[PDB]
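K.L.:
This one's experimental. Sequence and coordinates below.
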Amino acid sequence: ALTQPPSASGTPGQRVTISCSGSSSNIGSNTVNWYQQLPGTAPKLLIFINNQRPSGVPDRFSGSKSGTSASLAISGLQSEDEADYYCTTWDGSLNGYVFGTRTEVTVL
Amino acid sequence: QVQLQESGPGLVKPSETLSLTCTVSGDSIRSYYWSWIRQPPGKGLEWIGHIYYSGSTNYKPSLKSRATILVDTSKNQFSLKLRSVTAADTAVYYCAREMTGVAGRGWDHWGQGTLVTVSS
Amino acid sequence: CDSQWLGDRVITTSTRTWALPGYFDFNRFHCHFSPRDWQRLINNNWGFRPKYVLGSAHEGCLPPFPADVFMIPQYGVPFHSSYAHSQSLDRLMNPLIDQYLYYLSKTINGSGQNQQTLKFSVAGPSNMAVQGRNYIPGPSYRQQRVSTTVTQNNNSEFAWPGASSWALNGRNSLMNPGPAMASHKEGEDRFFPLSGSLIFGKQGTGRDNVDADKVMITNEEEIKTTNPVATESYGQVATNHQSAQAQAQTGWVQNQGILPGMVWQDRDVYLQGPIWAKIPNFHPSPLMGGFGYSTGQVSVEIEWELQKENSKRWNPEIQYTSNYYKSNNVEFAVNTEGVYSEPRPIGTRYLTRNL
Amino acid sequence: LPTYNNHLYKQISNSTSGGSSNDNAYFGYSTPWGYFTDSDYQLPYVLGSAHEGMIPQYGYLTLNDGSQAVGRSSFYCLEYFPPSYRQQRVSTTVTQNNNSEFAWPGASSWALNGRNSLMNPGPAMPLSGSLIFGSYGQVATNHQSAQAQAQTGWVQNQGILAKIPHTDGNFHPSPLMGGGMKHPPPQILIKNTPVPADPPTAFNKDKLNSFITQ
Amino acid sequence: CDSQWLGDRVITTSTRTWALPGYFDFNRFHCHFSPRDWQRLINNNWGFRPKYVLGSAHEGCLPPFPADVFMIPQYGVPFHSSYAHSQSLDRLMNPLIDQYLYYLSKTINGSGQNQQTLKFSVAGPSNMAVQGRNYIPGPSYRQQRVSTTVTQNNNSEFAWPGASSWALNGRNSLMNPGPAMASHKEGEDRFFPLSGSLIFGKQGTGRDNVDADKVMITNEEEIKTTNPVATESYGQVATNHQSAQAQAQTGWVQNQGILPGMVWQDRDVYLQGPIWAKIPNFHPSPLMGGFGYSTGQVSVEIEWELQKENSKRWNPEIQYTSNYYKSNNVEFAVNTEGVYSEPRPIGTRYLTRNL
Amino acid sequence: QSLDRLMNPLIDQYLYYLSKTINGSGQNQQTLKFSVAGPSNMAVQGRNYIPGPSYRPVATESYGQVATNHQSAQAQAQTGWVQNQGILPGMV
Amino acid sequence: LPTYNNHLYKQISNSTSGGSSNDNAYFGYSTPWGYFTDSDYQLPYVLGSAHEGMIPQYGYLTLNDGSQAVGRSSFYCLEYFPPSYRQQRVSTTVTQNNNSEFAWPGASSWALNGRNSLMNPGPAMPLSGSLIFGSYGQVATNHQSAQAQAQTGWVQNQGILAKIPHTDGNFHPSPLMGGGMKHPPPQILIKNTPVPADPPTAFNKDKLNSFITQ
Amino acid sequence: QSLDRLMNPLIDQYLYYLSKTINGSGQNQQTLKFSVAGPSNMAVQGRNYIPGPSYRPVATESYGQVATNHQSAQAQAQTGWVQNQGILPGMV
């Protein structure tokens, strides 16, 4: 798995940072990408290939990767952003995908 | 347009083989990897494995020898089969498509997912 | 436009409408064959054959759909095999019977000092690797192996640097497609030779830096029975002379030319593929496959000779079929906006023969 | 001419042989027939493999994967008819030979579809080179210059400068073990027509497994 | 034994060894055709035809595999269509044009009292179901619907009680297979008429009370375009007179006899199925399909007339093919024990025709 | 002869029919069992031809029964009587 | 004779009109042709449907599931050529008729593959009974006896006691709207051969979409 | 004319080649990219015929390079030099 904080939270408008970490053979090599899963439905793709993102996704969501740690960035937090978040990456050692533990976002 | 739908028996007796099929509609399965990812209720996600439209197959290492994935290009449908199931296998199984025709970089589209319960 | 099917002959008539702002090039198959006709061909027949800038596989050929109006570009034989061997070159033996020949089984009696010995054994069903064979697979010139699982691939720009090339008078030319070779080993689909196989673009594909899903990569896998794998070494050689002092030493054959006793299959032809090429030699068969303002109408007619399938095979063949599932639009037809498209590259090898 | 397989066609694989190993993997069938004539060469042609032969049994290999059959495999019911590549040098003087097992490791081979096949007898020119019964030169490797000496290197392999298999191409079709025809002498197949023993006295749909030895 | 494919005719020859402790029955197709020959027939042709207890579909017929020796049992025409329509009886219209006919669109101007009114509209592409048609689907005699997922069936023994049947002189005869009706609606592959479909045993299946995986259930889905579904009511009829005092009422048609203007497809034939039957009438074509101690050798030779495929269809057809996947053993071939087996029932309906 | 007896009394059919829908009494006993149509049970054999039309074959009786509904876990199988029957292919 | 679809074949379907009705779902193609001849009856025959017809456009329907296309569907490029069933009664005096909407609800309809189709005009004998321009009897239902009176019941439907579709069987093929042949008069197809506008001087690979009105 | 230049200089081939394998900026992540082989780049076009054998085509030079090993995330793609080349189908 990929060590990821259990939950992050903030009032609306504040920048929230989720960061997951892994081994060099894991996230250090290859790349990361972020899925957002609303309760009761399938996951949805926020950020992919570290810093890029899909057209449907809003501008505020942001991604980054540094060394063996990558981080998702949400600017201007909103109530719609309360959901579960996973970071996913390939793993050269396992020769497959690895999912980071889910992180919950709660608006205060 | 690509639409993914999983179908399979909602209930499976312990130590019986589990069987699921995913029928993609609207678009062909050609030139794209396809993967099963699993989620237990209220728990994180596991990646089962994926298959390439021509039949090349890759699995999660711990989960080999209990699992098999087939592809039928004629019916444009795509299958998972899992054996010796236990209560640990009760989960929601998703059918997803690998991104931009290349394996190893996320999943573009996602099936609705189906719940499978192992009980008697 | 139409087709007539008479016995061992086929008459393909193709009429198009053109506009000139020059030459005509009909050298691609889908000019002369509808998909149904092409299917009707490759499923029932073991072979066929018809009765300077063209051979460069350029654009400007008549459109596959007859209702397409197109633009004229500016100017600047044996039966093709359409079958897959049902036997592999190395397995031609009878599995039930020993050969009267012998091979060298043992050079030692075990661990110890001065264990030198010679033992021989019969070549038979037990060990089939060693049996003497009258024929050998054809030549090979190795291609680099690229994976469509990209994390697998090395993280370095090896696109031009690692590609097999031939240099002529100081200019370097990539080897494409090269000698006809099996695309990949059995069970390994995800890999593909760098310049080894023909790559067609899908309908509506961008000119540059397109992704993998926008192109169609053919594979020659059918010929893996008589032809070496394009990404593997043809075999090993002895590089020295053994002695009590020196161990045996071997080396990999990265390229191997013709030898007496080599048999091979040529590269396949496709509905999108070119038909003929002008010979400028050895084995003239072209490496890309096949055989060696104003406006108006243009028609073209070609007679094709066929070789019928005589097989006694009991079980049913692998046949080429149309996919059957609910989809947005019919393959090999027009979308709502009226664009014709060819979703899958189609080969010629389905029916089988003995080796 | 005995009766083989009790008048049965039976598939065989390396698995039926104990499982064997990768280069020795095979799949195919064993037939009741020993060796009408096949004058169209529609059957697998096993005569050019230098097998023995009492009348031997007939049987043929097809395509496989491991011990399993691919869907392209063929099955035939007979009833349904009416320049050098260097070899390692083995000396007959034992002590001159090295004290290590180089019989298979040092042998020159060619690989096809992931299977390694020893090169035997090979081209006409030695471990595997010659039948058994019961370099090419040097080349310039670089440019000479003031600084760089002229360098050379050995040439281990070099190319040109018994039924013939049916293929798009071949060169010098003469077989490597000597003897080469697109239409060799045809095969000739024979078996004893099975005569069943006394059937049961009430009808039964199963095929008859009871036969008179013969 | 062999088959000669000559032009528009086919000649089959089968030779079998027998033992007699009686009569000969060759009436099943796989006697005269090998799977490959059967494939070759059904993919390329729109029709074929040949050139008293036999018609009861009994056992004791010549073995499907020529090397089997069989005990002899004790004693006690138009082309058969082999295609699936590419159109359905209700879609024959042009989608782009209005009919000149009118239908009744509105019987009330809206909610209220004394709102009776009559409005008429053009039958056209917008509302397709209401257009006038010259032909109607064929007759139906409803079958009970059984599911292959057992949890979808109620916990009662309705196998004999719920089955459709006919009675002759005080004896009930189960209706089997019955009139030709589509097996199931689209999207439902797990339902089958209780007695409306032919069911074959897999190799080695036990005589009494076998599980559903031991048998092979044929489906008649191809003929749905022209025939009512076996498990659905043929339609609704007006059961009364409407009035200001009474609502219009309708009822379901469970059985339907021939009406002028019905068209239908007969039942398909299978590799395992019967060939001919003796006529003891209307449309004599039999319901199970087809056309209306000592030892020794038996050989039989049938001449078949063929009907070639004339279609101008552009896109490729559905064909019968052998899947290219690694299995433990080949389909339609013996296993290690020497047992010939037939994996699936092969119906002859792959090619299509306009309706 | 009679229309339903044209079979060989000595020989089975290679066809199958649905013998059992349940293992036995209880809850959740659904199963599917098939059996060979044979001389043991004549009535279930498949027949190529059916008796001719009837308008109330004996004129004082019903032609036969038909299924009136889709069975399911909730609903039992229900049949009804045919008083009149038009022509069908295979009638005599 | 105009120029349809700007010289294009174009897919049309149920959803292209908005769809949403299962009984009205369709799939097919629209052609540039209006209506060479088809003397082999190879194209879908659309004439017998009583359509209108200036020359109308040609288009046809094929198999569908909802608005999508099943594998068995067909596409044709034309360039590639050189007893009663009771009807509900409706009185023309509005008051006599029941004050409810029974136009679709009370119409006699037959179902084919889960699509209900109005029976129109229906057998020759009426809500849907006759063209619009711009019981059978009783039967004994039981056995009479001492205790059981004779019971009877009505007969709503009764069976027997333009191009003809190509099928294994039909009865009295005469079309139901009156007038029916297995080889009717052939269809006649016509279009204006497209004349393109001036092309770009530089070579282009895409097809030419620029044309002259005509 | 020279062997490699037999093409039409004005027109693209409809074949594709592998133009780029590392699309990313800085990280330079491994990606697959393809491009139409055309007058812009003539070195990469697929050719029907190849130059005849060479034993050290200029005899003072190497006939070309071939790939020595399988690339992998760990290993670089490595090419050797062809000093001598026998006959191959399509040589002239």
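P.N.:
Looks like it arrived, so ask away. Numbering: from 1, shown residues only, chains lettered A, B, ... in the order given.

K.L.:
so what's the residue in chain A that chain D sits nearest to closest to, chain neighbours aside?
P.N.:
Here chain A gets closest to chain D at one residue, residue A:95, 19.6 Å apart by Cβ to the nearest Cβ. Quick note: C-beta positions are derived from backbone N, CA and C, even for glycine. What sits nearest to residue A:95 in space, not counting adjacent residues and going by Cβ to Cβ, 6 or more residues apart in numbering or on different chains, is residue B:58, at 6.8 Å.

K.L.:
For that neighbour, pull up the helix or strand it's in.
P.N.:
Counting by DSSP states H and E, the element that carries residue B:58 is strand B:57-59.

K.L.:
before we move on, the earlier item: distance of the residue nearest to residue A:95 relative to residue C:183?
P.N.:
19 Å (Cβ to Cβ, to the nearest Å).

K.L.:
what do you get for residue C:128?
P.N.:
If you measure residue C:128 against residue C:183 using Cβ to Cβ, the figure is 25 Å.

K.L.:
likewise residue C:115?
P.N.:
Residue C:115 sits 44 Å away from residue C:183 when distances are taken as Cβ to Cβ.

K.L.:
So which of these two has more stuff around it?
P.N.:
Between residue C:115 and residue C:183, residue C:183 has the larger neighbour count (other Cβ atoms under 10 Å in any protein chain shown), namely 23 against 15.

K.L.:
Can you name the residue of the stretch 1-150 of chain C nearest to chain A?
P.N.:
As assessed by Cβ to the nearest Cβ, chain A sits closest to residue C:149 within the stretch 1-150 of chain C, at 8.5 Å.

K.L.:
which non-adjacent residue is nearest that residue?
P.N.:
What sits nearest to residue C:149 in space, not counting adjacent residues and going by Cβ to Cβ, 6+ apart, is residue B:103, at 4.0 Å.

K.L.:
Tell me who's in contact with that neighbour.
P.N.:
With contacts defined as Cβ atoms under 8 Å, 6 or more residues apart in numbering or on different chains, residue B:103 is in contact with B:33, B:50, B:52, B:58, C:148-151, C:190.

K.L.:
Inside strands: which ones of the residues you listed?
P.N.:
Here DSSP state E is the test, and those give B:33, B:50, B:52, B:58 as lying in strands.

K.L.:
Just the closest of those to chain C, please.
P.N.:
Out of the ones in strands among the contacts of residue B:103, the one with the shortest distance to chain C is residue B:52. That distance is 5.7 Å, counting by Cβ to the nearest Cβ.

K.L.:
what's the distance between the closest residue to that closest one other than its chain neighbours and residue E:152?
P.N.:
Using Cβ to Cβ, 6+ apart and skipping the chain neighbours, the partner closest in space to residue B:52 is residue B:33 (4.9 Å). Applying Cβ to Cβ, one obtains 34 Å for the distance of residue B:33 from residue E:152.

K.L.:
More neighbours: these two, which one.
P.N.:
residue B:33 (24 against 15).

K.L.:
Could you pull up the residues touching the more buried one?
P.N.:
The contact partners of residue B:33, by Cβ under 8 Å, 6+ apart, come to B:50-53, B:97-98, B:101-103, C:149.

K.L.:
Pairing partners for whatever helix or strand residue C:172 lives in, with directions?
P.N.:
Secondary structure here is read from DSSP H and E; on that basis residue C:172 sits in strand C:171-174. Within its sheet, strand C:171-174 is paired with strand C:165-168 (antiparallel), according to DSSP bridges.

K.L.:
Identify the bridge partners of residue B:97.
P.N.:
Note on residue B:97: beta-bridge partners residue B:34, residue B:109, judged by DSSP bridges.

K.L.:
Residue 82: neighbouring residues, count only.
P.N.:
Going with chain A. By other Cβ under 10 Å, 14 other residues sit near residue A:82.

K.L.:
Chain C, not that one
P.N.:
Neighbour number of residue C:82 under other Cβ under 10 Å is 22.

K.L.:
That one reaches residue C:49, doesn't it?
P.N.:
No. Residue C:82 sits out of contact with residue C:49 when judged by Cβ atoms under 8 Å, with a separation of 10.4 Å.

K.L.:
so who does the residue in the stretch 101-250 of chain C positioned nearest to chain H touch?
P.N.:
Minimum separation of the stretch 101-250 of chain C from chain H (Cβ to the nearest Cβ) falls at residue C:162, amounting to 2.9 Å. Shown here is residue C:162, whose contacts under the criterion Cβ under 8 Å, 6+ apart are C:144, C:194, H:67, H:71, H:76-79.

K.L.:
ok, now with 6 Å
P.N.:
Remark: with contacts taken as Cβ atoms under 6 Å, 6 or more residues apart in numbering or on different chains, residue C:162 is in contact with C:144, H:67, H:77, H:79.

K.L.:
a strand runs through it, doesn't it?
P.N.:
No. Under the criterion used here (DSSP: H, G, I helix; E, B strand; the rest coil), residue C:162 is coil, not part of a strand.

K.L.:
what about it, distance to residue E:10?
P.N.:
Using Cβ to Cβ, which is the criterion applied here, residue C:162 is 56 Å from residue E:10.

K.L.:
swap in residue C:163?
P.N.:
According to Cβ to Cβ, residue C:163 stands 53 Å off from residue E:10.

K.L.:
likewise residue C:130?
P.N.:
Here the distance between residue C:130 and residue E:10 works out to 46 Å (Cβ to Cβ).

K.L.:
Helices along chain C, start to end?
P.N.:
Listed in chain order, the helices found in chain C under DSSP state H are C:35-44.
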